[PDB]
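Participant: Quick check, what structure comes out for this input:
(chains A, B, C, D, E, F, G and H, ligands or ions: 40)
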Amino acid sequence: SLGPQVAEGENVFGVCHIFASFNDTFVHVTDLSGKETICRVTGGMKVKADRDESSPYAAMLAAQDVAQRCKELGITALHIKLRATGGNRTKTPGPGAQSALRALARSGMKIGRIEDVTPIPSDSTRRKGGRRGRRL
Amino acid sequence: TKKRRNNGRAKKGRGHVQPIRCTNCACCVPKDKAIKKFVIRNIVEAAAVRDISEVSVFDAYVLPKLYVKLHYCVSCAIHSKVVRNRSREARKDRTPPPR
Amino acid sequence: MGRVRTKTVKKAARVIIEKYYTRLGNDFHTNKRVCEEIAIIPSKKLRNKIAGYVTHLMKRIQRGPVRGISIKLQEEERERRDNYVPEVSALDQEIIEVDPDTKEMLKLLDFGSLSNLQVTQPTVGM
Amino acid sequence: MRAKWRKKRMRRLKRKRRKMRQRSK
Amino acid sequence: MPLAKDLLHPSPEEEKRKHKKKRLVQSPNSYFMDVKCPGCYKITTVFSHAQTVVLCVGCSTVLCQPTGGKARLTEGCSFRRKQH
Amino acid sequence: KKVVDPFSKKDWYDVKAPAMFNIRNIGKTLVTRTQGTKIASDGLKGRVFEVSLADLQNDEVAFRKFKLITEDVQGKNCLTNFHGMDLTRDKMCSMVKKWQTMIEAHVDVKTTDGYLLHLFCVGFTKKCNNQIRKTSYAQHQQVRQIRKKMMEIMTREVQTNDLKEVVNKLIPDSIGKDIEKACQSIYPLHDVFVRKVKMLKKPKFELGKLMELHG
Amino acid sequence: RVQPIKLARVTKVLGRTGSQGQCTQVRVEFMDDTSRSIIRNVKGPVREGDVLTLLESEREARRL
RNA sequence: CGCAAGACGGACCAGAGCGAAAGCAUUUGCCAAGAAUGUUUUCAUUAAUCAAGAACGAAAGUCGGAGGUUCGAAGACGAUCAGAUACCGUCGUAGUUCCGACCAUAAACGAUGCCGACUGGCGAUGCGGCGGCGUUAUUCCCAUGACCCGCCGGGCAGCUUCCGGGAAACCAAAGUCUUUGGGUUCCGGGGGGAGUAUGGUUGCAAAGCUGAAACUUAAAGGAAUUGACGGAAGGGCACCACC
Ligand SMILES: [Mg+2]
Ligand SMILES: [Mg+2]
Ligand SMILES: [Mg+2]
Ligand SMILES: [Mg+2]
Ligand SMILES: [Mg+2]
Ligand SMILES: [Mg+2]
Ligand SMILES: [Mg+2]
Ligand SMILES: [Mg+2]
Ligand SMILES: [Mg+2]
Ligand SMILES: [Mg+2]
Ligand SMILES: [Mg+2]
Ligand SMILES: [Mg+2]
Ligand SMILES: [Mg+2]
Ligand SMILES: [Mg+2]
Ligand SMILES: [Mg+2]
Ligand SMILES: [Mg+2]
Ligand SMILES: [Mg+2]
Ligand SMILES: [Mg+2]
Ligand SMILES: [Mg+2]
Ligand SMILES: [Mg+2]
Ligand SMILES: [Mg+2]
Ligand SMILES: [Mg+2]
Ligand SMILES: [Mg+2]
Ligand SMILES: [Mg+2]
Ligand SMILES: [Mg+2]
Ligand SMILES: [Mg+2]
Ligand SMILES: [Mg+2]
Ligand SMILES: [Mg+2]
Ligand SMILES: [Mg+2]
Ligand SMILES: [Mg+2]
Ligand SMILES: [Mg+2]
Ligand SMILES: [Mg+2]
Ligand SMILES: [Mg+2]
Ligand SMILES: [Mg+2]
Ligand SMILES: [Mg+2]
Ligand SMILES: [Mg+2]
Ligand SMILES: [Mg+2]
Ligand SMILES: [Mg+2]
Ligand SMILES: [Mg+2]
Ligand SMILES: [Mg+2]
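Facilitator: Residues are numbered from 1 along each chain as shown, chains lettered A, B, ... in the order given. Ligands and ions are numbered 1, 2, ... in the order given. For reference, the structure is listed below:
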């Protein structure tokens, strides 16, 4: 197991890119630049019903599997960037968002700075559904 | 017959106001008819604050909030119980409900 | 459950207290006999309920007065306080004093002594 | 809405009858 | 609305609160004033709501500025309201 | 890439910050080491690191994220340079609120050096200490004057300075601290932030200039 | 996926949850560090003071 | 991490502003226009309302160019269901965007013509003007800008009540009406047949404007009240309810 050859005094930070949506959740750990990635675990790898892919239990199951690989490779701390689907769509974090984030703290990893990174338009293209909306 | 003096809309001295999309419905409702609500919640939680305020590598780290402006259908807001019915004499009270 | 008394019991107990206030005490087995001898209750269960509410009212009349029963002992302590008392005196110091635009008013009806002044910041909330 | 649908069906029938009357004439 | 107000003999001050025309007999709110430039020395007579630029003669080559209401004097000292 | 556990073919590096920042050890990155035709320095250059200002200056606020672009590697070390400035969502959201006037402006300016910068600026009117009315709205001409006075300052202080000398003013944001004062005779305006700085055009490398920024 | 068992003591009964009112919201501490507390939905007749056994203590109850 | 394209101008954004209405929201410049306010300026009845006639007139639609990101009639599939040519899902043509011509209709609504006069109170609000203490900034200053406390014009509205009105709902106008007359344009006469047939006129088309009758019928309709019902909301309840 090779990692950054110092971790006893200072931590080694990363970024976690939690994307939580009303159909699914991702947990995705990259390096400090974002360009080189490490393990990425998704809610549908950790359940066998489509309706459960966006559920807090699938979210924490994923956060544990991510934190284990992160601790195993070289990483001891994380920064958090939190995503809803954003522009033209739901703009609110899905149900899995609060559970993955706290299953990182209950798994050994240390937390840094938390941000929301939801894409927001200065004004949009036209939203799906026609002028009477999805009526059912 | 005429249920509201203001026709259930805030328009006065205007022809037109720009429509907007009902946030869950995707409907098409005038900006001054839609039901607005500005939510300001903690990003982390109210219960799971201890598990994070303890793991933070910063001693005094204040957790950020999450500001969202929601626009609602009339039907879509009645169905999520954001609003309810009122008496014929109580519909005229326009104060925000006591905190 | 129940144990909520009825108006027929409460009104009876209130009258019994408002007339025979000085015969009633704090124990139940004596109030029972008192109400048995002063009134005519045509049942024994009703007698016990009335005598049990009388005790619960008596335990309260020893504190501040209730607002449905009027007795003589608790009226004097009102009457003798509604007449003047040395806690009050006259107008507390008879050198009371005013501000301008009142002296300007008093001047228009010929007043000339024993006052003061002050001027405020020039408008509300400053 | 029976009103505007009545309107549309009557418009359709009138267009058809006018086009026939013009063609055969 | 005292139900018995007197319209013929109004107040000496509540008749200057009203509009210039809604009062019993019309009267302008404007006036004429003597103005002194502190430089040259004349007695220029200026309308209060000037709306023009006034000069004295030569010298300061300004004496008032126009506005949306009453004209303002630059530093024209001692200005007197003329009378009736 | 499905070589044997491809994280065992990666090498780690250090990320250094420019000489102005008090803390100069940003962190670490990993790159697949050099092979027959894919060089590591190439696949390592051109990276952007977004670092909070607290994690670099150690003495001030937590917002005002900075962006740092990797320029040239030197033996297990990455030499970064300024690439842009920004603010955090929560601050910008907590500033925009009802019954106020929000005034925005933007300019494009050059630094005597070849760096062409695209600066944005924001401000908000201020309820007075004894106000009783509910709104602090400004008229149109007042907003136009404030925008003019904001753009003029935001250009004055970048036309006259090197790239290093301007970044040193962005660190504590004295630009906003003087716009707040300049616009006090128009409308109180209890906020000025240079909420963004974009890097549009930059001249050729000239490693001698980079090494001055690290000495 | 590998977690030991956790005994938890009940310190408050909140209300009856579920469609038929068939289970109870209950607040518990963790028998090791009393400074911890979670909310669970219990199936049986729970009093205050009982000790529950948790096969999965990293979860929390929302409702229903 | 960059590149390109075509849409769209969020949060600030309000019972707030402007315009004859339809409508109008990123910065900067230019072009002409406009209401209100201030005026001891000027002309001197020059005005109000309006057949004929005229300008503008959301969306959709038609003709000829450019472009085509997103969304999406028609259409093709996947579901749901007795059926499902629908509601839900994945695509997708015309269209949606700009220019040059047409079309002239909307629950185009304040379902309320325009001009003028009179009849209660209150607190706010956008514009202009006037007066007055005190805070605040520059230049220490006078000016002025932000607040503060009032007054006057006219503007979008609100609360209030035995002005008064009305079938009432409600309305400071829908009031000043059997105590009926300030001026003027449009327009209705039980419900259908029917905005139909036919003639005329306009348009490339779709269609717009004008517009009956035979026949048929005792009601159609408005406001409010009391029940019953609701796949409406709130609070409770029963092993003839469930767990
Ligand atoms: Mg689509
Ligand atoms: Mg529905
Ligand atoms: Mg109805
Ligand atoms: Mg309209
Ligand atoms: Mg406006
Ligand atoms: Mg904008
Ligand atoms: Mg006219
Ligand atoms: Mg005509
Ligand atoms: Mg059109
Ligand atoms: Mg079109
Ligand atoms: Mg044509
Ligand atoms: Mg075409
Ligand atoms: Mg079809
Ligand atoms: Mg089908
Ligand atoms: Mg069916
Ligand atoms: Mg159905
Ligand atoms: Mg479909
Ligand atoms: Mg599509
Ligand atoms: Mg048309
Ligand atoms: Mg025309
Ligand atoms: Mg019409
Ligand atoms: Mg009409
Ligand atoms: Mg009138
Ligand atoms: Mg006003
Ligand atoms: Mg004013
Ligand atoms: Mg003034
Ligand atoms: Mg001004
Ligand atoms: Mg108007
Ligand atoms: Mg009014
Ligand atoms: Mg009228
Ligand atoms: Mg009249
Ligand atoms: Mg008829
Ligand atoms: Mg007709
Ligand atoms: Mg015809
Ligand atoms: Mg009959
Ligand atoms: Mg009815
Ligand atoms: Mg009814
Ligand atoms: Mg209910
Ligand atoms: Mg029971
Ligand atoms: Mg059973």
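Participant: How about residue F:111, nearest residue that isn't a chain neighbour?
Facilitator: In space, and not counting its chain neighbours, residue F:111 is closest to residue F:163: 5.0 Å by C-beta to C-beta, 6 or more residues apart in numbering or on different chains. All C-beta spots, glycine's among them, are computed from the backbone N, C-alpha and C.
Participant: Please tell me how far that neighbour sits from RNA strand H.
Facilitator: To RNA strand H, residue F:163 is 17 Å away according to C-beta to the nearest atom of the strand, to the nearest Å.
Participant: burial measure for that residue, as a count.
Facilitator: Using other C-beta atoms under 10 Å in any protein chain shown, the number of residues around residue F:163 comes to 21.
Participant: Can you name the residues that contact it?
Facilitator: Residues counted as contacts of residue F:163 (C-beta atoms under 8 Å, 6 or more residues apart in numbering or on different chains) are F:82, F:111, F:113, F:115.
Participant: Of these, just the buried ones, ChimeraX syntax please.
Facilitator: Here is the ChimeraX selection string for the buried members of those, based on 16 or more other C-beta atoms under 10 Å in any protein chain shown:
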select /F:82,111,115
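Participant: sec struct for residue B:67, please.
Facilitator: strand (DSSP: H, G, I helix; E, B strand; the rest coil).
Participant: tell me which element the closest residue to it other than its chain neighbours falls in.
Facilitator: Among residues not flanking residue B:67 along the chain, residue F:93 sits closest, at 4.1 Å (C-beta to C-beta, 6+ apart). Element membership for residue F:93 (DSSP states H and E) is helix F:89-95.
Participant: CA atoms of that helix as PDB?
Facilitator: Provided in PDB are the C-alpha atoms of helix F:89-95 (Å, rounded to 0.1, in the frame of the first residue of the first chain):
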ATOM      1  CA  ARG F  89     -22.200  30.000  -2.700                       C
ATOM      2  CA  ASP F  90     -23.300  30.600   0.900                       C
ATOM      3  CA  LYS F  91     -21.900  34.100   1.200                       C
ATOM      4  CA  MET F  92     -23.200  35.300  -2.200                       C
ATOM      5  CA  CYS F  93     -26.600  33.800  -1.300                       C
ATOM      6  CA  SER F  94     -26.800  35.200   2.200                       C
ATOM      7  CA  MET F  95     -26.000  38.600   0.700                       C
END
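Participant: Please state the offset of it from the chain centre?
Facilitator: With C-alpha atoms, centre = their mean, to the nearest Å as the basis, helix F:89-95 stands 17 Å off its chain's centre.
Participant: swap in stretch C:75-88?
Facilitator: Worked out by C-alpha atoms, centre = their mean, stretch C:75-88 lies 12 Å from the chain centre.
Participant: Now do the strands in the chain.
Facilitator: Here I'm looking at chain A. Taking DSSP state E as the criterion, chain A contains strands spanning A:18-21, A:24-30, A:37-42, A:77-83, A:110-116.
Participant: Please refer instead to chain G.
Facilitator: Ranges of strands in chain G, per DSSP E, are G:6-17, G:23-29, G:38-42, G:51-54.
Participant: tally of neighbours for residue A:12?
Facilitator: 21.
Participant: check whether stretch B:11-19 contacts RNA strand H.
Facilitator: Yes - using C-beta under 7 Å from any atom of the strand, stretch B:11-19 reaches RNA strand H at B:11-18.
Participant: Can you measure across that stretch, start residue to end residue?
Facilitator: 13 Å (C-alpha to C-alpha, to the nearest Å).
Participant: near chain A, which residues of chain G?
Facilitator: Neighbours of chain A within chain G, by C-beta under 8 Å from any C-beta of the partner chain: G:1, G:58-59.
Participant: Pull out the buried residues from those residues.
Facilitator: Neighbour counting with 16+ other C-beta under 10 Å marks residue G:58 as buried within the residues of chain G next to chain A.
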